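See structure below.
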Amino acid sequence: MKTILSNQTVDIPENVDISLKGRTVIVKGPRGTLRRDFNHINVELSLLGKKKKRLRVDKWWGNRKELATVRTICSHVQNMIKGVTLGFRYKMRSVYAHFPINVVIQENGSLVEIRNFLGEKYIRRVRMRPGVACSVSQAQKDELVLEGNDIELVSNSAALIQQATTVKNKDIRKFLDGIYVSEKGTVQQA
Amino acid sequence: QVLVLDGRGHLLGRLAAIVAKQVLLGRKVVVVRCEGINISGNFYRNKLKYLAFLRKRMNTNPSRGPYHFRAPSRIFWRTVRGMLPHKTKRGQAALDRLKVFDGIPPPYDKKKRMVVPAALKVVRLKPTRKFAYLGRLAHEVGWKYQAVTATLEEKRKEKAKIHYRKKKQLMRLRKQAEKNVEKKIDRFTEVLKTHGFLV
Amino acid sequence: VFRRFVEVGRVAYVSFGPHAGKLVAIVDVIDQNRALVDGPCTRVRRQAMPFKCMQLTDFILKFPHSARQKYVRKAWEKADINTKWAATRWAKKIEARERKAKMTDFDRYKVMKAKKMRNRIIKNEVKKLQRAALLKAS
Amino acid sequence: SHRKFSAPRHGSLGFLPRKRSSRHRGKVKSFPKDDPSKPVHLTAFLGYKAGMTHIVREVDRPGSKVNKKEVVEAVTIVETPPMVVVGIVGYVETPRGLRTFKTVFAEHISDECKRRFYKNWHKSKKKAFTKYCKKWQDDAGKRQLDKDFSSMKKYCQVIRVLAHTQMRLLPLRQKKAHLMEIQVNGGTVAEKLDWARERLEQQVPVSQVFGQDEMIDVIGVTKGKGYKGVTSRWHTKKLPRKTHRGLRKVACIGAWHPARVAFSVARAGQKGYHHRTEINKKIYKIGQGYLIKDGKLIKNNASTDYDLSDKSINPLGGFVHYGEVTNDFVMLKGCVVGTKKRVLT
RNA sequence: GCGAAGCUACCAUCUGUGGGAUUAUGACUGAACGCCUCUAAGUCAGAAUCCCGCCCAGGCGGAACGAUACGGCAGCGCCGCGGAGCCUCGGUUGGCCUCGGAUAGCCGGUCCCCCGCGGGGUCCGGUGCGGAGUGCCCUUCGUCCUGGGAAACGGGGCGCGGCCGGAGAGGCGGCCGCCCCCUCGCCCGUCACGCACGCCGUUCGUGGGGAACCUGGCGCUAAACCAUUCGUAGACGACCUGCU
RNA sequence: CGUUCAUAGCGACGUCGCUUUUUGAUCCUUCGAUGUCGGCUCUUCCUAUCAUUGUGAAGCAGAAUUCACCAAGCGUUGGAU
RNA sequence: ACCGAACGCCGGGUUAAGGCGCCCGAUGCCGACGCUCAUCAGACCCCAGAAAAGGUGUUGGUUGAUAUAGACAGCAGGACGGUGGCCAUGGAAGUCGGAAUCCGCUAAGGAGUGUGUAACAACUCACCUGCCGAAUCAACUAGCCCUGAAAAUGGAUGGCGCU
Ligand SMILES: [Mg+2]
Ligand SMILES: [Mg+2]
Ligand SMILES: [Mg+2]
Ligand SMILES: [Mg+2]
Ligand SMILES: [Mg+2]
Ligand SMILES: [Mg+2]
Ligand SMILES: [Mg+2]
Ligand SMILES: [Mg+2]
Ligand SMILES: [Mg+2]
Ligand SMILES: [Mg+2]
Ligand SMILES: [Mg+2]
């Protein structure tokens with residue numbers, strides 16, 4: 001049936017400045033700006049408290065398929081506040097049996113070259129999403145670090161280089177090779 | 001004596017039925033900006049519908065058989081032709097009356113265009129449903145000129161922004177003139193509001 | 001972003017139906033698309049009425065959700081929705097539309113002559129403002 | 001029932017409006033795309049097919065068995081005299097297509113270019129462009145033409161140039177020169193139109209259009225062969241000797257319920273004289289014509305750095321059914337479409 | 001026997017292409033289901049599939065340009081404006097334009113800031129079943145005489161010259177210098193207009209579109225086809241050519 | 001059944017459906033006639049996919065091979081009887 | 001061959017059966033209440049197409065439970081001893097299988113749900129606590145939609161189309 005009201009509040013900390021042009025929210029703070037256009041999502045976005053302490057999301061007269069969207073708007077707002085304050089750092093390890101996988105960044109972290117995957121001669125070039133910085137970390141042998149603000153862009157950039165290193169026409173239960181995501185955290189902890 | 005209808009946001013068959021009836025009633029209708037026509041049901045449904053329409057073709061001579069027009073204006077002409085009795089002389093006269101355009105030409109860009117709320121997406125579809133633009137549908141079926149039409153519409157949106165700025169300047173002159181003259185048209189302004197104007 | 005809510009005490013304007021063009025106090029909410037409706041000083045009886053044929057205004061008045069016509073009549077007369085509605089701009093343009101519908105042919109002739117002379121004077125003033133703005137920008 | 005033994009189709013379904021070509025000169029259907037980073041240049045040229053000969057050259061690719069060896073190659077000589085630019089034409093991008101906007105011809109148009117505008121040069125009075133050539137030496141006419149150039153520079157997106165061949169320096173019988181639009185691809189529209197205005201009433205040689213070892217496209221009309229049978233036309237299987245009505249025919253057209261004869265069924269009709277564009281032909285050499293400093297210089301055509309002879313590409317007795325090449329030429333690896341004396345893009 | 005030319009053979013030789021949407025599939029974020037999840041909203045990769053680019057034909061489809069009948073009679077096109085007379089009809093004031101959202105939007109100065117007088121952002125203020133309203137706006141649709149009041153230096157001579165803008169399928173509009181004339185728009189006193197004696201196709205866009213006669217000024221001088229020839233072509237037609 | 005393990009691949013005892021590419025069943029059209037089988041040639045179409053492109057599952061370690069999906073674009077030969 | 005209705009030539013009115021977005025006359029009602037997303041939607045006796053089975057896709061109903069004596073999923077300690085109990089010797093200290101089938105510590109392990117063994121060993125499920133603190137779980141059943149569901153010329157709710 002149509003549920004008369006589903007509400008949810010997001011209490012933003014004092015290090016975050018958020019505002020909204022209709023359903024188009026913008027979140028700025030320490031690490032930069034992040035915008036998200038919640039048009040075609042069809043909810044109510046109020047912003048209350050002195051200096052806008054909380055973001056309140058309403059769904060009026062919606063059945064189950066649109067009651068399932070209030071918490072995903074709340075989750076995208078939590079992820080955007082986390083990307084603005086603390087950022088997103090995805091660690092991903094190069095698992096190989098015999099051939100050491102050679103990973104090298106080219107401009108800063110934009111283009112990533114992958115070599116010697118299963119002894120192949122074809123180099124694997126991957127463009128990262130705009131805003132995602134790739135790096136080879138220290139005190140670890142073969143491990144990539146993806147830093148950014150947008151969890152969508154960082155995790156999509158991780159999925160691109162995870163699906164680039166796949167084993168074709170073999171038993172992948174035996175050939176456990178590739179660059180796989182091992183840790184999902186933030187840049188700073190606070 | 002000529003309607004100028006906008007194809008922006010109007011549903012395909014919902015607009016085509018009203019256009020077909022008003023052209024059979026002896027009235028010149030010019031439907032324009034037909035790549036802004038949206039069709040209810042999402043893009044894969046509408047694309048497979050038009051691809052099945054492309055698969056329907058004459059086996060022996062396809063040049064003799066069905067003519068599959070890719071442009072959105074000619075798709076709208078086809079969906080009005082399927083509603084008009086086009087095998088008769090009055091239906092052919094209705095097809096001669098109807099003029100359909102992609103984009104909006106300089107004979108019609110400087111004309112006030114009409115909106116049909118009985119065929120409009122915000123009025124007819126629920127806001128939680130899906131739809132598909134006929135311009136994107138035509139471009140991914142094979143219509144060539146989405147980008148040229150986009151640049152020409154950008155040029156005329158700049159020109160219409162200049163014209164609307166001049167209209168706002170004329171309107172602020174009109175309001176400040178009414179503010180200056182409302183002491184000497186005191187019994188000219190009152191005899192309109194005692195009969196139902198300006199209030 | 002909403003301002004007008006279906007509240008116990010909401011004053012609404014009936015768009016169409018039997019009591020078309022009259023004010024309504026919402027007493028209780030029955031369903032998603034049906035409300036409980038009183039009309040104490042607007043000649044509307046207590047009945048149910050759907051939300052389709054009513055346009056809710058920005059007037060609220062205080063009475064509990066099952067009032068037996070007397071406390072809502074007293075709240076109506078205390079908040080004085082009649083004079084505030086007569087002072088409301090939207091009812092002023094509603095009665096302007098009513099005067100336009102009741103415009104007689106002789107009245108329409110007088111209105112047409114007043115339109116003509118008023119538009120000539122305001123157009124001459126607009127032309128004077130245009131030449132003055134040209135002289136100012138010169 | 002079905003077909004017992006599966007077989008591929010005789011003939012191509014893409015090449016079957018097989019009518020005689022409405023145009024005699026090979027027309028460009030697709031010019032290369034332009035980007036405002038490279039300088040302005042022509043993208044096409046127009047020459048006449050002269051003949052065929054061998055080329056012995058050194059093979060220089062590794063991995064092959066023919067590495068560091070010598071092969072012979074069948075090549076085409078195409079006599080390509082420098083053309084004359086006599087006009088420009090502008091194009092605008094419309095939602096109905098790509099429409100021409102303004103065509104500005106030159107002041108001094110040669111008689112070879114004027115022969116194209118007439119179907120009968122003898123009975124004509126040679127009156128073409130007589131009131132158009134007066135629009136250059138006056139102030140108001142040159143002002144209106146400069147305003148037309150400015151309107152083209154403002155509104156046109158695609159600029160093509162009008163160039164015609166020189167029939168004076170050719171051994172052919174005809175004197176009516178071929179005209180052609182060539183799209184100038186290069187920088188911006190203003191610099192493009194200024195360069196075309198500079199190249200107006202000028203000579204365009206071959207080296208300004210094409211260079212060494214370039215892979216180009218050949219556009220031309222097929223050598224016509226007449227109303228041929230289906231065996232010569234679609235290369236179908238011949239019926240055996242025991243047939244009664246004929247053995248160079250198609251036996252079965254199709255089935256009863258509709259497989260009435262379609263576009264896909266092979267028939268007898270026109271073979272040859274078809275427009276064809278064939279891609280990826282390598283230019284081995286852009287030759288140099290007969291030039292005089294003291295006497296004739298016949299050496300620079302066919303003498304290489306390994307031959308060091310005094311030969312030109314003209315054979316003993318000249319080219320068969322063409323003439324004698326006295327102009328600069330190109331030489332393409334392979335065989336091009338068309339017969340001798342054929343105009344070729 | 002040998003064999004020119006021409007046709008001909010994977011029996012010799014040359015050449016044969018790139019993107020977009022995505023299917024299956026694998027995924028990202030993330031609810032429903034305070035946990036998880038390719039999915040419900042959204043997002044990515046994705047192929048002999050599909051579509052287009054390449055190539056072939058070019059619409060009872062258009063476009064730009066050139067020349068347009070000087071003869072031994074003639075005939076055309078632009079301009080200012082006069083005449084009936086035939087044919088075919090539709091009509092019965094026009095609207096000369098923002099983009100845009102639908103769980104929002106319109107209008108101001110911009111005290112504040114940025115960018116190339118304008119645009120954009122912040123704050124504030126007025127309406128929002130839209131009165132800066134297509135439920136809307138603009139023009140009066142009897143005439144002229146004379147003699148007052150409110151308002152106005154406005155209009156006209158397809159007004160003459162200049163400044164321009166408009167190309168998607170432009171075909172129109174604004175602004176200045178100069179000669180002459182008029183009292184037009186709103187109220188009032190003053191009469192007169194075949195007042196055709198009740199009777200229907202009134203009014204007009206319209207100097208409507210096509211053809212035949214006529215008032216003048218300027219500008220002009222041909223092209224196609226048949227006959228001849230060619231063979232890059234060909235059943236005949238048709239096609240490429242040459243000929244003071 | 002499969003070393004254990006119903007379902008990787010199979011699957012009894014039962015049961016539900018599709019096709020007119022086989023034979024049956026009927027006689028509705030044709031007996032003032034619709035030329036009756038094969039083979040040769042040639043074109044188009046279907047997918048119930050043998051191979052090729054992209055994939056998922058194996059009792060897939062590699063090679064080889066089975067099951068399944070999108071998919072008819074391109075192929076499916078030369079012969080003795 | 002179905003429904004309505006039987007027929008001289010016409011005018012006005014009213015209907016049957018069917019319909020009222022356009023073809024095509026009429027819902028151009030400010031129609032009422034819900035259901036439905038279909039990558040094969042559905043669209044009116046005969047009639048021109050579909051089944052068994054399945055789906056937390058979504059909307060209801062039936063039955064039985066527990067939640068302050070402090071639920072459900074979510075991080076977390078464990079499956080011991082009579083007992084290699086008992087037929088199975090070819091091996092069952094839970095283990096291919098079957099008659100058996102309870103006590104003790106007790107907070108708690110069923111003579112056991114799997115991973116797996118010539119046998120073992122080992123990993124690991126009832127119950128509760130530390131953390132979040134109010135509606136949740138399980139089985140049937142009826143709607144609409146989806147899978148099941150594959151044919152040959154291009155193809156038909158009549159078409160256009162329709163959310
Ligand atoms: Mg393998
Ligand atoms: Mg076969
Ligand atoms: Mg015989
Ligand atoms: Mg792609
Ligand atoms: Mg998917
Ligand atoms: Mg993608
Ligand atoms: Mg017979
Ligand atoms: Mg027969
Ligand atoms: Mg299949
Ligand atoms: Mg044989
Ligand atoms: Mg009955």
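Residue numbering restarts at 1 in every chain; chains get A, B, ... in the order shown in the structure tokens, and ligands count up from 1 in that same order.
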
Within 9 Å of residue 20 of chain C, counting only C-alpha atoms (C1' of nucleotides), which residues qualify if same-chain residues fewer than 5 places away don't, as a VMD selection string?
chain C and resid 13 to 15 53 to 54

Counting only C-alpha atoms (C1' of nucleotides) and all ligand atoms, what are the residues, protein, DNA or RNA alike, that approach ligand 8 to within 12 Å? I want them as a PyMOL selection string.
(chain D and resi 256) or (chain F and resi 33-35)

Expected answer as number ranges by chain: residues within 8 Å of ligand 1, only C-alpha atoms (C1' of nucleotides) and all ligand atoms
A: 169-171; F: 60, 62-64

Write out, as a PDB file, in the first residue's frame, the residues just selected, with N, CA and C atoms (P, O5', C5', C4', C3', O3' and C1' of nucleotides).
```pdb
ATOM      1  N   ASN A 169      39.779 -18.681 -20.805  1.00  0.00           N
ATOM      2  CA  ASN A 169      39.761 -20.056 -21.324  1.00  0.00           C
ATOM      3  C   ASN A 169      40.573 -21.028 -20.469  1.00  0.00           C
ATOM      4  N   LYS A 170      40.620 -20.797 -19.161  1.00  0.00           N
ATOM      5  CA  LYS A 170      41.294 -21.688 -18.232  1.00  0.00           C
ATOM      6  C   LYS A 170      40.396 -21.948 -17.033  1.00  0.00           C
ATOM      7  N   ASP A 171      40.927 -22.718 -16.089  1.00  0.00           N
ATOM      8  CA  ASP A 171      40.274 -22.934 -14.804  1.00  0.00           C
ATOM      9  C   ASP A 171      40.744 -21.826 -13.871  1.00  0.00           C
TER      10      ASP A 171
ATOM     11  P     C F  60      35.935 -33.393 -15.937  1.00  0.00           P
ATOM     12  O5'   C F  60      36.933 -32.343 -15.276  1.00  0.00           O
ATOM     13  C5'   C F  60      36.576 -30.975 -15.172  1.00  0.00           C
ATOM     14  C4'   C F  60      37.594 -30.065 -15.811  1.00  0.00           C
ATOM     15  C3'   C F  60      38.706 -29.559 -14.904  1.00  0.00           C
ATOM     16  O3'   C F  60      39.761 -30.492 -14.754  1.00  0.00           O
ATOM     17  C1'   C F  60      37.829 -27.775 -16.217  1.00  0.00           C
ATOM     18  P     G F  62      43.067 -26.545 -16.490  1.00  0.00           P
ATOM     19  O5'   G F  62      44.429 -26.770 -17.280  1.00  0.00           O
ATOM     20  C5'   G F  62      45.284 -25.684 -17.600  1.00  0.00           C
ATOM     21  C4'   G F  62      46.346 -26.111 -18.578  1.00  0.00           C
ATOM     22  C3'   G F  62      45.840 -26.608 -19.925  1.00  0.00           C
ATOM     23  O3'   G F  62      45.575 -25.557 -20.836  1.00  0.00           O
ATOM     24  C1'   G F  62      47.378 -28.165 -19.052  1.00  0.00           C
ATOM     25  P     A F  63      44.293 -25.625 -21.801  1.00  0.00           P
ATOM     26  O5'   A F  63      44.614 -26.829 -22.791  1.00  0.00           O
ATOM     27  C5'   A F  63      45.635 -26.718 -23.771  1.00  0.00           C
ATOM     28  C4'   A F  63      45.868 -28.029 -24.474  1.00  0.00           C
ATOM     29  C3'   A F  63      44.648 -28.651 -25.135  1.00  0.00           C
ATOM     30  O3'   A F  63      44.360 -28.102 -26.407  1.00  0.00           O
ATOM     31  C1'   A F  63      45.741 -30.283 -23.843  1.00  0.00           C
ATOM     32  P     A F  64      42.860 -27.652 -26.770  1.00  0.00           P
ATOM     33  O5'   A F  64      42.048 -29.022 -26.828  1.00  0.00           O
ATOM     34  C5'   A F  64      42.338 -30.001 -27.815  1.00  0.00           C
ATOM     35  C4'   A F  64      41.792 -31.354 -27.433  1.00  0.00           C
ATOM     36  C3'   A F  64      40.286 -31.442 -27.257  1.00  0.00           C
ATOM     37  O3'   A F  64      39.587 -31.568 -28.484  1.00  0.00           O
ATOM     38  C1'   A F  64      41.335 -32.468 -25.419  1.00  0.00           C
TER      39        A F  64
END
```

Nearest-residue call for residue 77 of chain C, choices C:49, C:134, C:41, C:91, using only C-alpha atoms
C:41

Would you kindly report the residues of chain B within 12 Å of chain D, using only C-alpha atoms, as a PyMOL selection string?
chain B and resi 33+35+58-64+70-74+101-105+143-153

Environment of ligand 2 within 12 Å, counting only C-alpha atoms (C1' of nucleotides) and all ligand atoms, reported as an MDAnalysis selection string
(chainID D and resid 1:8) or (chainID F and resid 45:46 50 72 75:76)

Deliver the residues from the most recent selection as a file, using N, CA, C and O atoms (P, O5', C5', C4', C3', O3' and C1' of nucleotides), as a PDB file, in the first residue's frame.
```pdb
ATOM      1  N   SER D   1      11.582 -28.630 -50.042  1.00  0.00           N
ATOM      2  CA  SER D   1      12.632 -29.093 -49.148  1.00  0.00           C
ATOM      3  C   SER D   1      13.782 -28.102 -49.118  1.00  0.00           C
ATOM      4  O   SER D   1      13.727 -27.057 -49.757  1.00  0.00           O
ATOM      5  N   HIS D   2      14.831 -28.437 -48.375  1.00  0.00           N
ATOM      6  CA  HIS D   2      15.976 -27.553 -48.273  1.00  0.00           C
ATOM      7  C   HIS D   2      16.963 -27.821 -49.404  1.00  0.00           C
ATOM      8  O   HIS D   2      16.775 -28.707 -50.241  1.00  0.00           O
ATOM      9  N   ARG D   3      18.031 -27.032 -49.421  1.00  0.00           N
ATOM     10  CA  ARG D   3      19.115 -27.248 -50.365  1.00  0.00           C
ATOM     11  C   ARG D   3      20.035 -28.331 -49.818  1.00  0.00           C
ATOM     12  O   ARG D   3      20.383 -28.315 -48.632  1.00  0.00           O
ATOM     13  N   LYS D   4      20.411 -29.280 -50.680  1.00  0.00           N
ATOM     14  CA  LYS D   4      21.179 -30.442 -50.239  1.00  0.00           C
ATOM     15  C   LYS D   4      22.592 -30.052 -49.830  1.00  0.00           C
ATOM     16  O   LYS D   4      23.049 -30.373 -48.727  1.00  0.00           O
ATOM     17  N   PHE D   5      23.302 -29.364 -50.715  1.00  0.00           N
ATOM     18  CA  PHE D   5      24.684 -28.970 -50.489  1.00  0.00           C
ATOM     19  C   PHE D   5      24.734 -27.454 -50.378  1.00  0.00           C
ATOM     20  O   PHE D   5      24.369 -26.749 -51.325  1.00  0.00           O
ATOM     21  N   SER D   6      25.170 -26.960 -49.224  1.00  0.00           N
ATOM     22  CA  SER D   6      25.253 -25.525 -49.008  1.00  0.00           C
ATOM     23  C   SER D   6      26.378 -24.926 -49.841  1.00  0.00           C
ATOM     24  O   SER D   6      27.426 -25.543 -50.050  1.00  0.00           O
ATOM     25  N   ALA D   7      26.147 -23.710 -50.325  1.00  0.00           N
ATOM     26  CA  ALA D   7      27.084 -23.040 -51.208  1.00  0.00           C
ATOM     27  C   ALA D   7      27.003 -21.546 -50.962  1.00  0.00           C
ATOM     28  O   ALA D   7      25.922 -21.032 -50.645  1.00  0.00           O
ATOM     29  N   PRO D   8      28.114 -20.825 -51.092  1.00  0.00           N
ATOM     30  CA  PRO D   8      28.062 -19.367 -50.977  1.00  0.00           C
ATOM     31  C   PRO D   8      27.372 -18.737 -52.177  1.00  0.00           C
ATOM     32  O   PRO D   8      27.172 -19.358 -53.223  1.00  0.00           O
TER      33      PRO D   8
ATOM     34  P     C F  45      17.324 -13.945 -46.073  1.00  0.00           P
ATOM     35  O5'   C F  45      16.327 -14.860 -45.233  1.00  0.00           O
ATOM     36  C5'   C F  45      14.986 -14.454 -45.003  1.00  0.00           C
ATOM     37  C4'   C F  45      14.134 -15.596 -44.512  1.00  0.00           C
ATOM     38  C3'   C F  45      14.564 -16.234 -43.207  1.00  0.00           C
ATOM     39  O3'   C F  45      14.172 -15.480 -42.076  1.00  0.00           O
ATOM     40  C1'   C F  45      14.010 -17.922 -44.772  1.00  0.00           C
ATOM     41  P     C F  46      15.023 -15.561 -40.717  1.00  0.00           P
ATOM     42  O5'   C F  46      14.571 -16.939 -40.064  1.00  0.00           O
ATOM     43  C5'   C F  46      13.216 -17.168 -39.707  1.00  0.00           C
ATOM     44  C4'   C F  46      13.036 -18.530 -39.093  1.00  0.00           C
ATOM     45  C3'   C F  46      14.020 -18.881 -37.995  1.00  0.00           C
ATOM     46  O3'   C F  46      13.672 -18.302 -36.751  1.00  0.00           O
ATOM     47  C1'   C F  46      13.781 -20.718 -39.472  1.00  0.00           C
ATOM     48  P     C F  50      25.232 -28.273 -31.641  1.00  0.00           P
ATOM     49  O5'   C F  50      26.694 -28.496 -32.226  1.00  0.00           O
ATOM     50  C5'   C F  50      27.116 -29.771 -32.687  1.00  0.00           C
ATOM     51  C4'   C F  50      28.128 -29.636 -33.796  1.00  0.00           C
ATOM     52  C3'   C F  50      29.070 -28.447 -33.691  1.00  0.00           C
ATOM     53  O3'   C F  50      30.145 -28.662 -32.794  1.00  0.00           O
ATOM     54  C1'   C F  50      28.231 -28.600 -35.897  1.00  0.00           C
ATOM     55  P     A F  72      19.732 -14.544 -34.560  1.00  0.00           P
ATOM     56  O5'   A F  72      20.276 -15.130 -35.933  1.00  0.00           O
ATOM     57  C5'   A F  72      21.334 -14.476 -36.625  1.00  0.00           C
ATOM     58  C4'   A F  72      21.781 -15.243 -37.846  1.00  0.00           C
ATOM     59  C3'   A F  72      20.717 -15.463 -38.922  1.00  0.00           C
ATOM     60  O3'   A F  72      21.318 -15.357 -40.211  1.00  0.00           O
ATOM     61  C1'   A F  72      21.582 -17.545 -38.220  1.00  0.00           C
ATOM     62  P     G F  75      29.056 -17.298 -46.919  1.00  0.00           P
ATOM     63  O5'   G F  75      30.083 -18.474 -46.620  1.00  0.00           O
ATOM     64  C5'   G F  75      29.665 -19.827 -46.656  1.00  0.00           C
ATOM     65  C4'   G F  75      30.564 -20.701 -45.821  1.00  0.00           C
ATOM     66  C3'   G F  75      30.199 -22.173 -45.796  1.00  0.00           C
ATOM     67  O3'   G F  75      30.683 -22.868 -46.930  1.00  0.00           O
ATOM     68  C1'   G F  75      30.603 -21.425 -43.593  1.00  0.00           C
ATOM     69  P     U F  76      29.674 -23.714 -47.845  1.00  0.00           P
ATOM     70  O5'   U F  76      29.483 -25.070 -47.037  1.00  0.00           O
ATOM     71  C5'   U F  76      30.609 -25.803 -46.582  1.00  0.00           C
ATOM     72  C4'   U F  76      30.241 -26.744 -45.466  1.00  0.00           C
ATOM     73  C3'   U F  76      29.091 -27.696 -45.749  1.00  0.00           C
ATOM     74  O3'   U F  76      29.498 -28.825 -46.501  1.00  0.00           O
ATOM     75  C1'   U F  76      28.861 -26.757 -43.577  1.00  0.00           C
TER      76        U F  76
END
```

With only C-alpha atoms (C1' of nucleotides) considered, list every residue of chain E at most 7 Å from chain A, as a list in words.
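Going by the stated atoms only, the list reads residues 27, 28, 29, 30, 31, 32, 40, 41, 44 and 103 of chain E.
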
Could you jot down the atom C1' of residue 212 of chain E to atom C1' of residue 224 of chain E separation for me, Å, one decimal place?
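Atom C1' of residue 224 of chain E lies 28.1 Å from atom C1' of residue 212 of chain E.
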
Contact check, chain F to ligand 10, at most 12 Å, counting only C-alpha atoms (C1' of nucleotides) and all ligand atoms, closest pairs as a Markdown table:
```
| residue | atom | partner | partner_atom_place_in_ligand_line | distance |
| --- | --- | --- | --- | --- |
| F:39 | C1' | ligand 10 | 1 (Mg) | 9.9 |
| F:40 | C1' | ligand 10 | 1 (Mg) | 10.5 |
| F:78 | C1' | ligand 10 | 1 (Mg) | 9.2 |
| F:79 | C1' | ligand 10 | 1 (Mg) | 6.8 |
| F:80 | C1' | ligand 10 | 1 (Mg) | 9.5 |
| F:81 | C1' | ligand 10 | 1 (Mg) | 11.0 |
```

Those residues with N, CA and C atoms (P, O5', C5', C4', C3', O3' and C1' of nucleotides), as a PDB file, in the first residue's frame please?
```pdb
ATOM      1  P     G F  39      17.352 -35.298 -54.511  1.00  0.00           P
ATOM      2  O5'   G F  39      18.674 -35.024 -55.356  1.00  0.00           O
ATOM      3  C5'   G F  39      19.647 -36.043 -55.522  1.00  0.00           C
ATOM      4  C4'   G F  39      20.231 -36.038 -56.912  1.00  0.00           C
ATOM      5  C3'   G F  39      20.736 -34.698 -57.419  1.00  0.00           C
ATOM      6  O3'   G F  39      22.021 -34.365 -56.923  1.00  0.00           O
ATOM      7  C1'   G F  39      19.424 -35.718 -59.093  1.00  0.00           C
ATOM      8  P     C F  40      22.358 -32.851 -56.508  1.00  0.00           P
ATOM      9  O5'   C F  40      22.517 -32.095 -57.899  1.00  0.00           O
ATOM     10  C5'   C F  40      23.519 -32.479 -58.829  1.00  0.00           C
ATOM     11  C4'   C F  40      23.439 -31.658 -60.090  1.00  0.00           C
ATOM     12  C3'   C F  40      23.397 -30.154 -59.891  1.00  0.00           C
ATOM     13  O3'   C F  40      24.671 -29.584 -59.649  1.00  0.00           O
ATOM     14  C1'   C F  40      21.728 -30.782 -61.436  1.00  0.00           C
ATOM     15  P     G F  78      31.338 -30.929 -53.054  1.00  0.00           P
ATOM     16  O5'   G F  78      32.627 -31.809 -53.361  1.00  0.00           O
ATOM     17  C5'   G F  78      33.751 -31.253 -54.026  1.00  0.00           C
ATOM     18  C4'   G F  78      34.797 -32.306 -54.270  1.00  0.00           C
ATOM     19  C3'   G F  78      34.274 -33.611 -54.841  1.00  0.00           C
ATOM     20  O3'   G F  78      34.106 -33.564 -56.244  1.00  0.00           O
ATOM     21  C1'   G F  78      35.668 -34.073 -52.998  1.00  0.00           C
ATOM     22  P     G F  79      32.882 -34.341 -56.928  1.00  0.00           P
ATOM     23  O5'   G F  79      33.441 -35.818 -57.121  1.00  0.00           O
ATOM     24  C5'   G F  79      32.732 -36.933 -56.609  1.00  0.00           C
ATOM     25  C4'   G F  79      33.668 -38.040 -56.199  1.00  0.00           C
ATOM     26  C3'   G F  79      33.061 -39.435 -56.187  1.00  0.00           C
ATOM     27  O3'   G F  79      33.106 -40.045 -57.465  1.00  0.00           O
ATOM     28  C1'   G F  79      34.182 -39.045 -54.144  1.00  0.00           C
ATOM     29  P     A F  80      31.999 -41.123 -57.893  1.00  0.00           P
ATOM     30  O5'   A F  80      32.442 -42.446 -57.128  1.00  0.00           O
ATOM     31  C5'   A F  80      33.631 -43.135 -57.479  1.00  0.00           C
ATOM     32  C4'   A F  80      33.635 -44.524 -56.897  1.00  0.00           C
ATOM     33  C3'   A F  80      32.298 -45.244 -56.941  1.00  0.00           C
ATOM     34  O3'   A F  80      32.042 -45.853 -58.194  1.00  0.00           O
ATOM     35  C1'   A F  80      33.206 -45.421 -54.773  1.00  0.00           C
ATOM     36  P     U F  81      30.622 -45.648 -58.911  1.00  0.00           P
ATOM     37  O5'   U F  81      29.618 -46.496 -58.015  1.00  0.00           O
ATOM     38  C5'   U F  81      29.812 -47.889 -57.841  1.00  0.00           C
ATOM     39  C4'   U F  81      28.899 -48.459 -56.786  1.00  0.00           C
ATOM     40  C3'   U F  81      27.419 -48.190 -56.965  1.00  0.00           C
ATOM     41  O3'   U F  81      26.831 -49.021 -57.949  1.00  0.00           O
ATOM     42  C1'   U F  81      28.026 -47.908 -54.690  1.00  0.00           C
TER      43        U F  81
END
```
